[PDB]
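In what follows, a structure is listed as structure tokens, so that the remarks can point back to it.
What follows draws every value from the coordinates through simple rules; no lab data is involved. FYI the Cβ positions are ideal-geometry reconstructions off the backbone, even for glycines, and counts take in every protein chain you see.
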Amino acid sequence: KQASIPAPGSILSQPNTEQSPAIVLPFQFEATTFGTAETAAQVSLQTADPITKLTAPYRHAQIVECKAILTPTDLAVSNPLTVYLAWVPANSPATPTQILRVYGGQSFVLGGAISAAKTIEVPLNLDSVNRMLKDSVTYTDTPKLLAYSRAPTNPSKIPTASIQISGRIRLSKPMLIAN
Amino acid sequence: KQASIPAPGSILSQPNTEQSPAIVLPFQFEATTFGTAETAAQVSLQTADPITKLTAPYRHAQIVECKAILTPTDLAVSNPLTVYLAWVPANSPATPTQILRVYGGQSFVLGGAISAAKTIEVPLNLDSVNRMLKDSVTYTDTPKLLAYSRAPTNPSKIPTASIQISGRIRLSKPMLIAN
Amino acid sequence: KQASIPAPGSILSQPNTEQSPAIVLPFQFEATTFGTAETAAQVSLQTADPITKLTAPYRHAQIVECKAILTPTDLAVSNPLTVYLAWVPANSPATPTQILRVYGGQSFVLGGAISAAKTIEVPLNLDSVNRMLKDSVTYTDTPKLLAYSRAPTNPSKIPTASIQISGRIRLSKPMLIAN
Amino acid sequence: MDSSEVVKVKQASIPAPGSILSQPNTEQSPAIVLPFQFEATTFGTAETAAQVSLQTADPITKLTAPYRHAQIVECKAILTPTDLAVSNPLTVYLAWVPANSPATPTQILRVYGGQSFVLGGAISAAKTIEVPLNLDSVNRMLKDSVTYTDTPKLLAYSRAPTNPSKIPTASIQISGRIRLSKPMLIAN
Amino acid sequence: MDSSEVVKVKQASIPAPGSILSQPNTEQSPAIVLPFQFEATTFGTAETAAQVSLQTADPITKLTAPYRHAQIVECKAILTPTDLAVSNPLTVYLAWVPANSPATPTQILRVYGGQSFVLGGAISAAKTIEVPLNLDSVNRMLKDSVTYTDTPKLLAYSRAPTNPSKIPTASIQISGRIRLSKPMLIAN
Amino acid sequence: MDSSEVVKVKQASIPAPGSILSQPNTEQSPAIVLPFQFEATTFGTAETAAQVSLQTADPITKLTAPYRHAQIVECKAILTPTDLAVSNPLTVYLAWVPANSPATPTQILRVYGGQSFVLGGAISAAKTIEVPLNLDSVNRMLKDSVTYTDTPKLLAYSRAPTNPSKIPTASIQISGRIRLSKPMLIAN
């Protein structure tokens, strides 16, 4: 009844290396936006500063859930824009232009065209990439989103979208950073 | 068969302190609106006058359900506006500007952009805050919604939205107020 | 414990001919588009270059899932267009004009008329065609989509839609192509 | 026969762990072990007689930021001398006390477990010294739904250096591990 | 963290204790184990005829008053060599004698127990000594209906240094706990 | 022949190890436990931002090449005070961190493990310290089909001496053994 009720209680996880119980740390950010410029950036769900800014204190991490929504700002109503999306590992020559031609090809508009409430909400199939966001090894099959818009005559400066990739991820095995 | 069919029948609840069976008292109000001004207020699901105007007669209370919908008034059709939303405890430096960058980041438009029927409906995860709306102690991890809009050239006075936080909450343990 | 844990492990499929375990190879492409021309093409889910460009290395293949979505480009907002869709085998005199009159008849608009997020998403009932995309025999009851739009005064060159038929398909029995 | 270059020292204390606000119902969620170590304060530079609180120590908190619940597990108050300590001795007056102890750094001495450490000179072989944060004379928790006192506060002190130096003659680099659990949301 | 570590030195074993008053029947009041530590003496600033008797030890007595049954749990005297003693050694004398023993700080060496100590200068003389008052010799009791004679008296000595340093070359303190009971009927 | 003898000091226990690649079936190649020891760093001639990672440790790597499966058996870092340090003491910092931990030699003290050491000057500071890399933290593996991230990185530091002595006032080396296997298909 002293210090054993119940003494232990270790129910750690194991994505690729059995380590202490990883805590599901969620995140939200826009690796790339599209509004007043030829949108065409290829960001990965691994090199992203935000993710790397939370997985550094540890050694290994495995994304348990990831998404990508498009939030059309107050603009786009008078200056619409077609945002292209698609999920694919770091590998594969899947270029922004090759979008739509690759499984998971998405394409919507902004303004009077259904784009506001309920958001776009584009989940990422873990069966299409790798969960190991960071490990002792170097995985090349890591998640990676694609985006394109071209942006016609919309020199309104302020972006018309946001394109944020959220989700949660577990991380274990300390890395003893600065502190 | 007199006064015992079935004599007792006490099935009280227990959020943090076993007390008499709390009654689920629902509520609906707009802690803050956004239409013709730089919307940027940080209201909490604890200090709100309405809630405190119903939890006063008691001592402890635990929110069993909370939400936040945006109802675009007759306006916003000619003067749209982007309403930002996000749920987070009283703690965390999550500022209105930090919105979207925090888990649960929302952002929709008004007018021709999907915003009318079905409402926005943004529930609050109890696993992100604290149920104890009010207790003998002082909880800092209490729910708190965020809002932003900036509001461009929309000096139509009348608000374009409402942003109301509804939901239900149980309260027990009398507080013997004025009467 | 050497090379038998568990030695075999053959769990192949069988659509019409028992062969090695077929791998579900997904695909995405627009057999035909509609924007600035009298849209009226009858493409089949068998003769399509893309499909035939992935089923060639094999002998037999059976579509396990197929779809057809319409992604309205940045245009169509000022120059809307009605896209007609319908699924039907290679047989049947189901012509583009006969659309809507045939089971599975679809018809939507573009622009201010619900057409952007969530996409159209028009699945194909395997109980209406044949799974055998390619086999030792010649099937005539193979899937086939229909499209029509007419296209009024929309000489904007760039298409207003895309009409892409995605889905997955299993293929077995090598065909020993060039390499 | 052998050799050890580190001296440990317990801070006498009387049991006094404060009241901890409980777990929800049906226990808790996953948790992580998070070691940390930080330069608490230095001496030799000037009369560096200050104090530190774990409940607010930047390096600690940094690791605490993402969680809204985290009880300390182990904590070491360590004193590490530099070559300078040899040429010019520095005395540190350590003491671990809860947020409620009115104790000023100077008072160190008259506070039960306060200690005095010479360090350097020549008499001294001069080595590392650890003084254990007696977690039971404090509220183990640092960031929790309910904020409070009794939280871990380190004392330590030193008078004006006979002969100063822009390099610490010595420095207390406290450490430990925290049981971080339950998310803070924020992120960014 | 454990090399020159212990340094707790014991004093001559007076086989004898000290009888006190009796305790009556009925139930007994509650008890509080309140700890204490107070600066007792300096050293090295002048010739110090150190002789403290906890019996009238302001700091501890600042705990006694509110109750009328003070009983020393145990305690010890700390010899804290100052940064000064390192370079400026000194011979500290020390003793635990009952408040009746006609022993002046000076006669320490002469009384069965005389603790001889030298701080700084010589190797490891940097280290601090903890000398225990193993109750038996005095009255485990400290305050009640009667005042006793066998209260403990910590006495120590050192003559004036060549340089009665601006501040102490050393330090001595008295630390222990007290079982406080029989609350004082009082005003509020 | 055994007085100041041991002097092997341990570093902060990262409870964690480091996952590596898997091994296939069939029989495995032979193994050779080839030992190694190579001068890693100097000290005392200037400000030394010492940080070696065995992963690219020339000397050990001079053993790797002929085989394609290098696995560190274990190893340690030696702190060898030079005749110079005796009279010219110095504060050596030291740490064993995985090749990913963003820790610069300087931040050693800040990273959970920071080894503080002083050579010469003070008593017995003459002696040599052996600090072990208790595998668990990094990859017990060192070379194969893939290059890993959790390779060990020995890092240490000391600022420039008043006299950046002609030669080192100290010395550091890395010693251990390696299980070499999977001979490299090669030319002769």
### Relative contact order computed over chain D (Cα-Cα under 8 Å; 6+ residues apart), in percent
44 percent
### Query
With a Cα-only, solvent-free Debye model of chain A, what are the log10 I(q)/I(0) values at q = 0.17 Å⁻¹?
-1.02
### Message
Among D:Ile14, D:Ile172, D:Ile129, which one shows the highest mean-square fluctuation when chain D is modelled as a Gaussian network with alpha-carbon springs under 10 Å?
### Response
D:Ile14
### Query
Which value in nm describes the separation of the simple spin-label points at F:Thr26 and C:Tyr103, placed 7 Å from the Cα toward the beta carbon?
5.7 nm
### Summary
Computed from the beta carbon distance with a Förster radius of 25 Å, FRET efficiency for F:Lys182 and C:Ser20 to the nearest 0.05 stands at 0.15
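Scan chain D and report its longest stretch carrying no trypsin sites (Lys or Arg not before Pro) that are both in a DSSP loop and have at most 14 other Cβ atoms within 10 Å.
On the way: sites that count: D:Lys10, D:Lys166.
Counting only loop sites that pass the neighbour cut-off, the longest clear stretch is D:11-165.
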### Task
Quick one, can you get me the convex hull of the C-alpha atoms of chain E expressed as volume per residue in Å³?
150 Å³
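Determine, from the Cβ-Cβ distance of E:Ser13 and E:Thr162 and an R0 of 30 Å, the FRET efficiency 1/(1 + (r/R0)^6), rounded to the nearest 0.05.
Numbers: r = 36 Å, r/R0 = 1.20.
Efficiency, from the Cβ-Cβ distance: 0.25.
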### Task
For a footprinting-style exposure proxy, rank A:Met175, A:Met132, E:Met1 by other Cβ within 10 Å, fewest first.
E:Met1, A:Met132, A:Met175
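In percent, how large is the relative contact order of chain C, given Cα pairs closer than 8 Å and 6 or more residues apart? Let's see the in-between values first.
Working: 393 pairs, mean separation 76.5, N = 179.
After rounding, I find 43 percent.
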### Query
With chain F treated as a Gaussian network of Cα nodes joined by springs under 10 Å, which of F:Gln51, F:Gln23, F:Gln107 yields the largest mean-square fluctuation?
F:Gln23
### Summary
Averaged over residues of C:110-116, the number of beta carbons from other chains lying within 10 Å of each residue's Cβ is 6
### Task
For A:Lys144, go through the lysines and keep the ones whose alpha-carbon is under 28 Å away, minus same-chain ones fewer than eight residues off.
A:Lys53, A:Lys67, A:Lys118, A:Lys134, A:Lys157, A:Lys173, C:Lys53, C:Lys67, C:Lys118
### Task
Pick out, from A:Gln98, A:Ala151, A:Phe27, the residue whose Cα sits farthest towards the positive end of the charge dipole of chain A, with +1 on the Cβ of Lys and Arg and -1 on the Cβ of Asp and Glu.
A:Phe27
### Query
Ranked by Cβ crowding within 10 angstrom, fewest neighbours first, how are E:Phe36, B:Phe27, D:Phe36 ordered?
B:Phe27, E:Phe36, D:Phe36
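Given charges of +1 on the Cβ of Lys and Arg and -1 on the Cβ of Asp and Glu, with all other atoms neutral, how large is the dipole of chain B about its Cα centre, in debye to the nearest 20?
With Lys and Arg at +1 and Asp and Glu at -1, about 300 debye.
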### Task
Run through all the Cα pairs of the range D:76-155 and give the fraction in each 5 Å bin from 0, expressed as whole percent.
3, 14, 22, 19, 16, 12, 8, 4, 2, 1, 0
### Query
How much length is gained if the chain between A:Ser156 and A:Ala37 is pulled fully straight, taking 0.36 nm per residue apart and subtracting their Cα-Cα distance, in nm to one decimal?
41.9 nm
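What FRET efficiency comes out for the pair F:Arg68/A:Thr138, r = Cβ-Cβ distance, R0 = 25 Å, nearest 0.05?
Working: r = 17 Å, r/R0 = 0.70.
E between F:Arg68 and A:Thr138, to the nearest 0.05, is 0.90.
Using the number of other C-beta atoms within 10 angstrom as an exposure proxy, rank B:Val64, C:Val24 with the fewest first. Provide the component values of the computation, followed by the final result.
Details: B:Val64 17, C:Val24 12.
With the fewest neighbours first, B:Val64, C:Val24 line up as C:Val24, B:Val64.
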### Message
Students often forget the sequence filter, so: which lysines lie under 17 Å Cα-Cα from D:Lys10 once same-chain residues fewer than 8 apart are removed?
### Response
D:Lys76, D:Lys127, D:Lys153, E:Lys8, E:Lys76, E:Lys127
### Message
Connecting C-alpha atoms closer than 10 Å in a GNM of chain A, tell me which of A:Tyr103, A:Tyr84, A:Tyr139 has the biggest fluctuation.
### Response
A:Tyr103
### Query
Using a basic spin-label model with each label point 7 Å from the Cα along Cα→Cβ, how many nm lie between A:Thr52 and D:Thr104?
5.0 nm
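Can you pull out the GluC sites (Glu not before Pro) in the range A:1-97 whose DSSP state is coil and whose Cβ has at most 16 other Cβ atoms within 10 Å? List each step's numbers first, then the result.
Values: sites: A:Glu18, A:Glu30, A:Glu38, A:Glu65; in loops: A:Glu18, A:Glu30, A:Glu38.
Qualifying residues, ordered by number: A:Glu18, A:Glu38.
Using only Cα atoms, figure out Rg for the protein assembly as shown and give it as a multiple of 2.2 N^0.38 Å. Please report the intermediate quantities before stating the final value.
Details: Rg = 38.6 Å, N = 1101, 2.2 N^0.38 = 31.5 Å.
The value comes to 1.23.
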### Query
How many percent of DSSP beta bridges within chain C run antiparallel, rounded to 5?
95 percent
